[PDB]
Every structure is written in structure tokens, then in C-alpha cells.
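In C-alpha cells, the next block holds one chain alone, the form deposited without guanosine-5'-triphosphate.
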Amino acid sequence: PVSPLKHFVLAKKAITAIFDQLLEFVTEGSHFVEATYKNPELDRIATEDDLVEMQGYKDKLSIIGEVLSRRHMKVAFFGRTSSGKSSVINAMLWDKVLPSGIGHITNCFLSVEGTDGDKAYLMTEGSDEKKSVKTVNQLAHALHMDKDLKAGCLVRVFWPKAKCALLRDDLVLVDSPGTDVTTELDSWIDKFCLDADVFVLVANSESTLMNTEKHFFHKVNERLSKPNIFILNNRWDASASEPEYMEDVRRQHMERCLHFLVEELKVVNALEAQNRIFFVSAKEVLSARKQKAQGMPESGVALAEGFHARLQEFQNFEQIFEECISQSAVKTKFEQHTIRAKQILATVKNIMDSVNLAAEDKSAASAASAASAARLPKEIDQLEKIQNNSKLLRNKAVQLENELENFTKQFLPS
């Protein structure tokens, strides 16, 4: 009954907890190695290299930890302006966040991400100022007045996580420039796509697929290994009555979508493609969701015929989309960090074994000297602490290795 996006939230929380323990462990071990290094009675048990390596791992773990805390899921939407992809995004957010009707920004990338505060703000590329806006209307007007937003720029919208859906669960949604006969989608991939976990082609259901749209996804599929691609066929206005043959038009369009995904792109097979193509009416869903959030009862509002079956298809898309992106992003965003943590634990373990073995050698050498009355070897009690502590630290590294292994089995299946 819970959102699939919680899988990503839970993975991030778990790997972040592990990195907190890693930092604390390495911090304790760095203090131990340094005290051992400085101890005048001890000699050549810990080395300067041991000390510098340990301090280095402490700094690396802290930096990596902060990188981890900003990992997120990203979906990018593509299509013609008249396809309604802005309204798809808004319906998914349960509120009108992306403005409509502003011509020159349809040349731009519009990112939506959550902020922890109660005030939305806007950032534009090349500037560091956060422009505060209190409503989507003020956001619209701010964008409408900014004529410097030339083609290809990135507009970053920060919207209060508490006020809408998805953003609180570390999803970023990107609306791309409206595809047309003049757009050149060459630099789009490296711009804001090699990091997108899901690509969504939004087409108009009354329309066939553009050659430019298909060419772009051929480019995506070349550049990336098995990218996740959805096709949403969007009805602009569900209340507008259509003639009879428009069910066979939609049927014909379903087959063209299947053929594109399965035969042309070859990104998915016929069965999986069934769960990558949806027929939605986003403006209708958005308007219903805004009435709902305001406390209006559906029983009192006038709904177009077939609303409930269309709402269900939008919900089915959201469910399948959220399963896809959460499962995909966890492996993409956290795997290399998990591998790096194992490498650090291995090297830290080797340092503790080195200390332990040197402390072992010294106490044997001290005992051999004492046997030649029978004196208790020099510093034998200090060596016992050095030796035992290094062993305990080494054992703690094993425990953390097992923790990363459980994280791997639970969140990074092969």
C-alpha cells in the first residue's frame, strides 16, 4: 500500500546510516593510530603512512557522506508543447507547479525539486540568487518577465516538499524544451539526460509520433545502456467530444508505440512494453486532484464520462513508473559508493592488522630480552592494550563489512 518511491528513501537512509558508522569507526581508529604513533615508549608499531591514510579515509568518508545525502531520482519528460507534458508533471505533483502559456520558456529546461522550507524559489543558470515566489502565479510571472532565458537554459524550481506529492521522496522532475521541426536535440543528452533515471515521451493521442521525437530516443538508446523509456499518450481536453473512429485511432497508435519500443528501439520486449505505454488525460487528473486537495467531495463535482477509468490508468502509470525509477536509481546512485566503502574498510582492516602484528612482535622481542632474575617484559601492559584494541577495531571493520554485504543483498541485486 506504500509508494514504491519509499524503496529509494529507505535505501538512501540505510546507506547513509552505514556511512555514519563508517566515519565514526574510522574516526576512532584514526585517534588510536595517532596515539600509538606518538607514544614514546612504543616505536615503529604505527607509522606516519598509517596516520596519513587513516586521516585521509576520515576525510573521504565525510565527503562521500555528503555526496550521498544529495542523491536523488530524476525523471525527464520530452515531447511537443501541445502534448501536455507540463500538465503530466503537475498532475503527478497534485498541484499546478509548472506554469502554462509562457512561450519563450518552452525553449528551456524546467527542473522541479523539493525544498525543506515553506517558501518556493526560483534559480536561473549562471546566477546564484534564489528568487522567492509565494504562488505558481508569481512563479509564472517571474518566468514570463525574464526575457534573458534564452533557448537551452536551465530553470530550477524549488517547491515546498510539504505542499505537493513526490518531491518529499527525493524525486526531481524535468520538463524539456518542446520538440518541434526546428529543435536540435544534440547536446540534450549530456546536458540533463545521462543522469536521468527515466525518460518519458509525452505524445498527443490524436497525433502520430514525430520523426524528431523518435530520432532523439534513438540517440538516447545509443548513448545509454538499456534506458528506461515510457510513452504517455495524453488527451489534452477529455471533456471535448470526439467522433466514433477515434477508438481505432488510439488502437492504431498503441501498435505504433509497441513497434517503436519493441522493434525499432529494441529497449524492451512485447510483454514489458505493455507496462511502458499509457493513455492519460493529465489536465483532467490535475483538476480532479486540486478539487480533492481542497476538500471538495467528488460526489458534488461534474465529471466527464469515463473519468474513473482514465484516473485508474493514470494511477497505474504512476505505480509502474515509481517501481521502475526507485529500483533503477538505487542501483545507479548507491552502488559505486557501496563498493568504495568496502575498499576503505579493507585498507583500514589492513592497518589494524599491521599495528596488531607489530605490537605482537615487540612483546615477543621484549620477552626474549627479559629472559636474558626473570623480569616482567618492558611495556608489556601497554602492548597488551595496543594489541587488543587493534584487534577489536579490526573486528569492528568485519562487522561493518557484513553490514555493507546485507545492504548489497537487500538493495543491489544482480
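Don't overthink the numbering: it's just position in the shown sequence, from 1. Just so we're on the same page, rigid core means the largest C-alpha set that superposes within 1.5 Å between forms.
Requested in this report: Please report whether at least a third of the other compared entries leave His144 without coordinates.
Outcome: Across the other compared entries, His144 is absent from at least a third.
Query raised in the report: Checking the other PDB entries with both flanking residues built, is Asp195 absent in a third or more?
Result: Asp195: modelled in all of the comparison entries.
Query - Segment of higher mean CA temperature factor, 185 to 193 or 261 to 269 - result: Comparing 185 to 193 with 261 to 269, the higher average CA B-factor belongs to 185 to 193.
Report task. Take the C-alpha B-factors listed in the entry for 54 to 62 and for 373 to 381, compute each mean, and give the stretch with the larger one. Result -> Higher mean C-alpha B-factor in the PDB entry: 373 to 381.
Report task. Compare the CA B factors listed in the entry for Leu173, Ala288, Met210, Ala309 and report the winner. Result -> So the option with the highest C-alpha B-factor is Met210.
Query raised in the report: Based on what the PDB entry reports, which of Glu206, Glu335, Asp95, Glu323 has the top C-alpha B-factor?
Result: Spelled out: the listed residue with the top C-alpha B-factor is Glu206.
Query raised in the report: Once the chain's modelled residues are ordered by C-alpha B factor and cut into thirds, is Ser299 in the lowest, middle or highest one?
Result: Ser299: CA B-factor falls in the highest third of its chain.
Query - Relative C-alpha B-factor of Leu166, binned into the chain's lowest, middle or highest third - result: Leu166: CA B-factor falls in the middle third of its chain.
Report task. Comparing against every modelled residue in the chain, figure out the third that the C-alpha B-factor of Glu113 lands in (lowest, middle or highest). Result -> Within its chain, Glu113 is a lowest-third residue by C-alpha B-factor, going by the deposited values.
Query raised in the report: Based on the entry's values, in what third of the chain does the Cα temperature factor of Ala358 lie: lowest, middle or highest?
Result: Ranked within chain, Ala358 CA B lands in the middle tercile.
Query - Among modelled residues of the same chain, the CA temperature factor third for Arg80 - result: Its C-alpha B-factor belongs to the middle third of this chain's values.
Below, we refer to the form deposited with guanosine-5'-triphosphate bound, which is not included among the displayed structures.
Requested in this report: Run the site superposition, bring guanosine-5'-triphosphate over from its position in the bound PDB entry, and let me know if the shown form is open or blocked under the 3-atom, 2.4 Å backbone or C-beta criterion.
Outcome: Judged by the transferred pose of guanosine-5'-triphosphate in the bound PDB entry, this form is blocked (3 or more ligand atoms within 2.4 Å of backbone or C-beta).
Query - Complete contact of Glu34, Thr47 and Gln387 with guanosine-5'-triphosphate in the bound PDB entry (any heavy atom, 4.5 Å) - result: Contact check failed for every one of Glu34, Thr47 and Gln387.
Query - guanosine-5'-triphosphate: the contacting residue among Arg156, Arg289, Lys161, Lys283 in the bound PDB entry [heavy atom, 4.5 Å] - result: By the 4.5 Å heavy-atom cutoff, the listed residue in contact is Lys283.
Report task. Name the single residue among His72, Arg235, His253, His337 that comes within 4.5 Å of guanosine-5'-triphosphate in the bound PDB entry, judging by heavy atoms. Result -> Contact check passes for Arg235.
Query - Stretch from 322 to 330, 135 to 143, 117 to 125, 77 to 85 whose residues place a heavy atom within 4.5 Å of guanosine-5'-triphosphate in the bound PDB entry - result: Heavy-atom contact with the partner occurs in 77 to 85.
Query raised in the report: Does any heavy atom of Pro243 come within 4.5 Å of a heavy atom of guanosine-5'-triphosphate in the bound PDB entry?
Result: No, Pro243 sits far enough from guanosine-5'-triphosphate in the bound PDB entry that none of its heavy atoms falls within 4.5 Å.
Requested in this report: Please run the contact check for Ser100 against guanosine-5'-triphosphate in the bound PDB entry: heavy atoms, 4.5 angstroms, yes or no?
Outcome: Yes, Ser100 is a contact residue.
Requested in this report: Once the rigid core is lined up, just say which one of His215, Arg168, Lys331, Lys130 has a C-alpha that travels 2 Å or more between this form and the one not shown.
Outcome: Shifted by 2 Å or more: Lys130 only.
Requested in this report: With both forms fitted on the core, give yes or no for whether the Cα of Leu271 moves by 2 angstroms or more between this form and the one not shown.
Outcome: No, because once the rigid core is superposed, the C-alpha of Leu271 moves less than 2 Å between this form and the one not shown.
Query - Rigid-core frame, C-alpha of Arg70, shift of 2 angstroms or more between this form and the one not shown - result: No, its C-alpha moves less than 2 Å.
Report task. Once the core is aligned, please say if the CA of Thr106 is shifted by at least 2 angstroms between this form and the one not shown. Result -> Yes, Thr106 moves 2 Å or more.
Report task. Indicate closer or farther: the Cα atoms of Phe109 and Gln138, in the bound PDB entry, relative to the displayed form, with a change of 3 Å or more. Result -> Those two alpha carbons end up closer in the bound PDB entry.
Report task. Kindly indicate if, in the bound PDB entry, the C-alpha atoms of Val136 and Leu93 are closer or farther apart than in the structure shown, bearing in mind the change is 3 Å or more. Result -> Farther apart in the bound PDB entry, by 3 Å or more.
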